[PDB]
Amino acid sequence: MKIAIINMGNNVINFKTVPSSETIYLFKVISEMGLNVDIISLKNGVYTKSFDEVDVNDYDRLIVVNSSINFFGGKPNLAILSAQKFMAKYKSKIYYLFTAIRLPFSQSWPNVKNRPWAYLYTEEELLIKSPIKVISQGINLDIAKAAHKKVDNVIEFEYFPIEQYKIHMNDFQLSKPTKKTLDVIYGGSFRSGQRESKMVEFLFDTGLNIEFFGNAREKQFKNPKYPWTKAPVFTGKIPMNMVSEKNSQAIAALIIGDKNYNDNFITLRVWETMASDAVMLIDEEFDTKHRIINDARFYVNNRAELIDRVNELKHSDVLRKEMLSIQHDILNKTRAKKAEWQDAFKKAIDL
C-alpha cells in the first residue's frame, strides 16, 4: 500500500514556509507510523516527487493539507491548479486535513472559469468529483460543517488532533534551560478580527520587553477599534523547525484565541510553547475549561493579568521552573499516548 499527501495550494520544499512545513511534518509522522507515504508537489525534491512523474491512482489513499483556492492578483497559481488537477484524476475518497478554519475545501473551477486565462483549463481537468472526508482539527464538527456549507461532495466529518505532529516525531526533544532575553514572546502571523484584537491586548502597551517574530508587521495593526501606542519588536519569519528554540529565549510565550478556535481547536502553537523553555500563558477565552493544563496560573484574562503573571515569573525563578516542570510533565503525558494517536489517525483515513 502507498499513500500520497499533498498541499492543495502551496509549493512544498522545506521549512521556509508554514504550509510546506506542516505538509512535511505530517509526511514524517505518517511515515514513522509504519506507512508508506510520498509527498507529491510541483517538482522532485528532498521531501517530494512531482505531480507529473507519478500517477495519482497508483496510491491507495490521497491526503490533502488544506489551503486557499483563491487566485492572488487574479493570476494563475500553479500550486492550486496542479494540486486540484491531481485530485480530480483520483478515483477514491480524498482525505482533507482541515487545520485552519479559513481554509475549508472548495472547488477552484468556479474561480478559474471567470478569469481571462480560463481557456487554458477545462472543468473536467479541475472539477474534483471524488467523495471527500473532512478531518477537522477542531472537535466541533458543527463549525467544520458550517465552513463547508458550500461544497457538495463533502460526505463525512471526523475530529482528530492533527496538530500533535511535532510532539510525536521520533526526534522530538523538549527545549533545555535557556538564557532569558525577553519577558514575553509570540511567533506568528497577523489575522484581523478577534486575533488582532487580542494581540493588541496582550502584546501592545504592556511595558514589558516583548518580541513578535514571524511575518507579522507593525503596519498591519491599524484598526482604530483596537488602539495602541507602543508596539512589541517585530523580528521576522524564521523556519518552522526552530520555533520552540526561538520561544525559549523568553520567560513566557502566549497562546492567543480567535473566533471559532476557542474551546474547539488546539493549535500547533500550544505544543511548540509547552515544549519550549518559556512558560506557557494561555488566553482564558481560548480554553475556558482549562483543558490544556488544570492550573489557573497558566491562564490570563487581560493585559493586567498578563503583566502581573509575567512579573511574578520574573521575580521568582522557583515559580518559573515549577510551571515549566508542570507544562513539560503534561506534554510528556500526551506524548505517552502516541500509539493511541497513531491508531486514531489510521482510523481517520480508513485504516
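Residue numbers here begin at 1 and follow the sequence given.
- Stretch comparison (167 to 175 versus 133 to 141) by mean CA B-factor in the PDB entry places 167 to 175 on top.
- As listed in the deposited structure, the average C-alpha B-factor of 82 to 90 and of 224 to 232 is greater for 224 to 232.
- The top Cα temperature factor in the record, among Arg61, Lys28, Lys49, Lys289, falls on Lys289.
- Of the candidates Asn294, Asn66, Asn44, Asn36, the deposited coordinates give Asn294 the top C-alpha B factor.
- Ranked within its chain, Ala348 lands in the middle third, by CA B factor from the PDB record.
- Remark: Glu305 belongs to the highest third of its chain, ranked by C-alpha B-factor as recorded.
- Split the chain's modelled residues into thirds by C-alpha temperature factor. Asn10 is in the lowest one.
- Among the modelled residues of the chain, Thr181 sits in the highest third by CA temperature factor in this PDB entry.
- Per the PDB record, residue ranking by Cα B-factor puts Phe98 in the lowest third of the chain.
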